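Structure, as structure tokens:
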Amino acid sequence: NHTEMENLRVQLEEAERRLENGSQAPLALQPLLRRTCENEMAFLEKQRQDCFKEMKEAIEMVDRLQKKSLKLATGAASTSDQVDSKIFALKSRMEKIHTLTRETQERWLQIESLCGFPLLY
Amino acid sequence: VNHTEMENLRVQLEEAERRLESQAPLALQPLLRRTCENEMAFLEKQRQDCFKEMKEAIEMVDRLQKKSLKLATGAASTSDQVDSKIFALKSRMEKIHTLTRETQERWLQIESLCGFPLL
């Protein structure tokens with residue numbers, strides 16, 4: 001009972017160390033921040049999941065195009081053009097997501113070290 | 001530059017003034033404000049998605065009243081399954097709603113352990 005326990009070990013170990021330095025935040029914070037940190041990484045993974053899933057739809061669309069009169073279409077974009085810029089968007093988004101998760105990991109490492117206890121992964 | 005960097009500063013300087021005369025290191029307040037702001041944003045995007053799906057559903061119900069039929073096996077009709085689409089959605093919206101209450105509490109608690117504002 002359960003991960004509550006490993007938090008405790010984390011806490012007890014630092015309490016021992018503090019009873020004997022650097023930046024230290026109150027030990028009551030460690031479970032609250034480990035939870036927070038964990039929500040945040042989860043939220044990122046689910047964004048990464050979605051972009052993957054949407055990239056997979058895109059691939060399927062390209063498969064359809066290649067498989068399957070035409071008209072004029074105006075001053076707009078063809079469906080093929082629409083798909084190519086779908087991919088572009090998706091790939092920029094996936095880059096955005098990748099840096100966001102590096103930024104977030106850094107932030108959490110900074111928080112750890114200001115706090116004086118572990119929290120990441 | 002300026003922007004929210006300034007506001008954080010006023011938050012920090014103010015508390016530094018009180019501390020000079022539970023405490024977390026003041027350098028934490030900007031990192032924690034960012035973090036907290038992310039979490040509420042992530043939450044809101046979820047509330048949005050679920051709203052958007054409850055809207056898709058309302059649309060299905062409408063299409064159903066508008067518009068031949070076989071035996072269908074030992075399963076659920078189109079209207080049966082839409083009705084359960086709505087049930088799931090309503091539950092998700094409820095879990096989403098409690099989650100954001102729990103999350104606010106956590107941040108207030110964090111605030112109080114830290115000794116500075118964050119929401």
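In chain A, the calculated helix contribution to ellipticity at 222 nm averages -27500 deg cm²/dmol per residue, counting -39,500 (n - 2.57) for every DSSP H run with n ≥ 4.
Would you please give the FRET efficiency between B:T98 and A:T79, computed as 1/(1 + (r/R0)^6) with r the Cβ-Cβ distance and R0 = 51 Å, to the nearest 0.05?
Computed FRET efficiency for B:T98 and A:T79: 0.75.
Given C-alpha coordinates of chain B, what is the ratio Rg to Rh with the Kirkwood estimate of Rh?
Reported Rg/Rh, Kirkwood definition of Rh: 1.29.
Of the residues B:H3, B:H97, the one with the fewest other Cβ atoms within 10 Å heads the list, and the complete ranking is B:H3, B:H97.
Farthest towards the positive end of the charge dipole of the protein assembly as shown, among the residues A:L19, A:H98, A:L120, is the Cα of A:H98, using unit charges on the Cβ of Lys, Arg, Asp and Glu.
Beyond a 18 Å Cα-Cα separation, which of these cross-linked pairs lie in this structure: B:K66/B:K90; A:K96/B:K52; A:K53/A:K86? From B:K66/B:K90; A:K96/B:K52; A:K53/A:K86, over 18 Å: B:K66/B:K90; A:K96/B:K52. From the alpha carbon centroid of the stretch B:11-28 to that of the stretch A:68-118 is 38 Å. Positive contributions from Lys and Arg (+1) and negative ones from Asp and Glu (-1), summed over other residues with Cβ under 15 Å from the Cβ of B:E37, come out at -2. Our coupling estimate for the stretch B:70-78, obtained by passing each phi through the Karplus curve with A = 6.51, B = -1.76, C = 1.60 and θ = phi - 60°, is 9, 8, 6, 5, x, 9, 10, 5, 4 Hz, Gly and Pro reported as x. Taking the Cα of B:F51, stepping 7 Å toward and past its beta carbon, and measuring to each backbone N in the stretch B:86-102: which are under 18 Å? Answer for this model: B:89-101.
Bear in mind these aren't lab numbers, they're just calculated from the coordinates by the rules spelled out. All Cβ positions, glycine included, derive from the backbone under ideal geometry; neighbour counts span all protein chains shown.
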